[PDB]
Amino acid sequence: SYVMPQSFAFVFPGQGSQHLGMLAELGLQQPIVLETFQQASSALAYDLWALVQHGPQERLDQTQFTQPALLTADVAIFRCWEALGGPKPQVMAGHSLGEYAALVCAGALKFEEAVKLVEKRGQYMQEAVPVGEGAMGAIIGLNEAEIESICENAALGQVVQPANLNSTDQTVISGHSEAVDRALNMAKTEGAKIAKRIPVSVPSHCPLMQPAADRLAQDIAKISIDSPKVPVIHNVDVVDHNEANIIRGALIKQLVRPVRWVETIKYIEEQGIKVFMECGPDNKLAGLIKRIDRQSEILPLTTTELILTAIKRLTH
């Protein structure tokens, strides 16, 4: 008899969630995975599946490859969810690059257009800061206020600021490499449990990305955007938007402003949604969400069995 399904959100991972061989199992099980990668490959003009399966590692980890790889992986998983009978989520959110996946899956952006766009996003971001001059760092155990103060004191004329607000006591900072190091050292001085560089060159979500944002804005103006059919909560402002130019603004501003992930998760939970499906490879967002709320449930979707389990959970 009738069972009201649990409300749920899809969360789409970004950078950091890529790995060689990702989706290999799902790719054997579900023809739509290879078809999706074929679509992406036609847009990119190289065999993306081959790159993701065989690498090399260093290749996959370069931004211009990571971005289309992860967008494609996230969309492939969404398509498998739908193919296996999964219903629409009540809301979607993606972490940085993941926001593009959310917009593709919400029907706002055409997949192959988005693939090309995120390749450009990666290319432009890579080029924004000369090699070695930027950095990102993870700080665990201090709150945002404490970290903001640290960044202000460490900057000394350079850029360093909160970049990803990931969980309540987990923040990534971004900026000039020297300033990031100064800030991380101050964070340790102030009692951070961890204050460490992350292995990226590109200082995303800070004003050093402005040159990339300017370039991407030109491309984004040319891409057709439809109103999302499922609300997508944007990183930059923690709200959904229906209007194309407002979505464009949100995507461009995203590059230079922090990813407000903890506020996004809190917003979703305040709406009564405590079941999250991680629509992509790896379990990085589950890690964050569980820290934000230990009572939340985050379900992986990386195999047919996991997808079917997740679908069943909605009514059981």
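The first residue of the shown sequence is 1; numbering continues from there.
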item	value
Stretch exceeding the other in mean C-alpha B-factor - 185-193, 212-220	185-193
Of 162-170 and 89-97, the stretch whose C-alpha atoms average the higher B-factor in the entry	162-170
Per the PDB entry, maximal CA B factor within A244, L71, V200, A106	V200
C80 - which third its CA temperature factor falls in, relative to the rest of the chain	lowest
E152 CA temperature factor, ranked by third within the chain	highest
Assigned third (lowest, middle, highest) for the C-alpha B factor of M136	middle
Chain third (lowest, middle, highest) by recorded CA B-factor, residue given as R260	lowest
Entry-reported Cα temperature factor of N143, expressed as the chain third it lands in	highest
